[PDB]
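Heads up, the chain below is alone and in the form solved without the partner chain; it's given as structure tokens.
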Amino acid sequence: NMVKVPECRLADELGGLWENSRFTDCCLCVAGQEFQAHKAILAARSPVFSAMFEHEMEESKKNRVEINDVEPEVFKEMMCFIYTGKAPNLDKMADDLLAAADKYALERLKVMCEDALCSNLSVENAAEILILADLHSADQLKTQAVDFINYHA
């Protein structure tokens, strides 16, 4: 225990990779905005992206994937999660991020959003959150939501 070993920095460096966009091989177009990314990473991280890049006929697309169901700011948080496993701005978009994580099968990000939404459960938004968990198959969130509503009988 004499030698001081530095903290793992895989996440920070992969984040650098995404921020610097080097050796990118695909373009994601989100509401008219273009983002360069790396197929290998997105595929190893999302079963949806994986399937998309693995079974895409029509070179006409030219590695150009157009995303229509996600707002640019939410998209960026999702990407941040894919490259580093973190989502610094999750708190202010938990519900939209949940839907994006669900759509792109990012299980851990999905549960992280569930965790944040659960923590904000109130009698004013209990029902809405409950419905939200049903539309994006967020089990843990639903259960905690049902329990909440019941308890407040």
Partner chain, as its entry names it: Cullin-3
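Shifts are known only where both forms have a C-alpha. Positions refer to the first chain, counted from 1. Only the largest set of C-alpha atoms that superpose within 1.5 Å between the two forms is called the rigid core.
Same protein, other form: the form solved in complex with the partner chain, not shown, and the subject of what follows.
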*With a 4.5 Å heavy atom cut-off, would you call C27 a contact of the partner chain in the bound PDB entry?*
no
*Closest heavy atom of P47 to the partner chain in the bound PDB entry, within 4.5 Å or not?*
yes
*Applying a 4.5 Å heavy atom distance criterion, does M93 contact the partner chain in the bound PDB entry?*
no
_Whether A31 contacts the partner chain in the bound PDB entry should be assessed with a 4.5 Å heavy atom distance threshold; does it?_
no
*If we check the partner chain in the bound PDB entry, which of the residues in 67 to 86 reach within 4.5 angstroms of it by a non-hydrogen atom?*
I67, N68, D69
*Kindly specify the one residue in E107, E56, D69, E34 whose Cα moves by 2 Å or more between the shown form and the other one, with superposition done on the rigid core.*
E56
*Shift in CA distance, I67 and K61, in the bound PDB entry relative to the form shown here, given it is 3 Å or more*: farther
*Once you compare with this form, do the C-alpha atoms of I41 and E59 lie closer or farther in the bound PDB entry, given a change of 3 Å or more?*
closer
*Which bits shift between the shown form and the other one if the core is lined up, counting only runs of three or more residues where every C-alpha moves 2 Å or more?*
56 to 61
